[PDB]
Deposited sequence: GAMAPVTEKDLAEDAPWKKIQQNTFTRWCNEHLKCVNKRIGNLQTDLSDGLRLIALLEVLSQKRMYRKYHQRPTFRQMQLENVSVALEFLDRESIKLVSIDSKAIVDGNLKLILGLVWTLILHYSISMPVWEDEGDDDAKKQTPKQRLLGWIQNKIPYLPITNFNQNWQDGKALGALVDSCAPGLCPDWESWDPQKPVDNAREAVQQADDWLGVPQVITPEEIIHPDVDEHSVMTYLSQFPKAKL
């Protein structure tokens, strides 16, 4: 069921967008955080803070890897970031379910909850906040979810044009039976002119099995900048 890794793919691309700035990259989320170094780097970029505890720069041994991940998880507890049950061995041993959970916590926190957004005038969940911001941008479409509302590709057109009128001016006239073409046009225009990276692909975002977290990860880039 290759559709089931859309979230893994999307989370990996998001991580890489951040790791870019420190000349690092993840090829495989299941393995490439397990020594702790890329995780620590990612947290430093996200928080614009350095690790306060020392850690092992050449963690060739299992205990050093466990310790590296522990420093990272402590850092998160110290920043009042609520973590779902996770220990260092889950990361070190490549527990993909829990790794994806950890990365989601970071996306929700740093990309949705914490940032300062324009177009805001309010005691609500991060998902409500994101929905609210998007709904304000495209007030003529009912935006209540991060799956089915995005399936025909047209809401993407509407959002991109709302951000810069002229990018997708004819979105309302787009054929809803050409979802991949619609999505690809909107997403490329956003990439080319709005500085919004394709952390989800056009094919993934309109997939009937797309998960809300993957879509939220992409769309959270719009209010950021």
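Handout entry: Deposited-sequence stretches lacking C-alpha coordinates, listed in sequence order
Key = Those stretches are 1-14, 136-139, 244-245, listed in order.
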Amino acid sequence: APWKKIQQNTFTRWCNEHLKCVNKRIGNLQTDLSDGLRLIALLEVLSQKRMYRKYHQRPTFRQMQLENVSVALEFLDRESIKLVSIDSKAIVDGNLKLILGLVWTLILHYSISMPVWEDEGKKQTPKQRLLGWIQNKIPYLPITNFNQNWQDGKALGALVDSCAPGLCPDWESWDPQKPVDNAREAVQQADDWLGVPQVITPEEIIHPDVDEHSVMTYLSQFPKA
From here on, numbers count along this sequence of modelled residues.
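Practice task
Using the B-factors recorded in the PDB entry, average over the C-alpha atoms of 143-151 and of 76-84, then report which stretch comes out higher.
Solution key: Between 76-84 and 143-151, it is 76-84 that shows the higher mean C-alpha B-factor.
Exercise for the section: Using the B-factor values recorded in the entry, state whether the Cα atom of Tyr218 falls in the lowest, middle or highest third among the modelled residues of its chain. Expected result: Ranked within chain, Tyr218 CA B lands in the lowest tercile.
Practice task
Within this chain's modelled residues, let me know which third the CA B factor of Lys54 belongs to: lowest, middle or highest.
Solution key: For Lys54, the deposited C-alpha B-factor lands in the highest third.
Practice task
Determine, from the deposited record, the chain-internal third of the Cα B-factor for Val71: lowest, middle or highest.
Solution key: Tercile = lowest for this residue's CA B-factor.
Problem - For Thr31, the third of its chain into which the C-alpha B factor falls - result: Ranked within chain, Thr31 CA B lands in the middle tercile.
Exercise for the section: Going by the recorded CA B-factors, say which third of the chain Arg13 sits in, lowest, middle or highest. Expected result: Tercile = lowest for this residue's CA B-factor.
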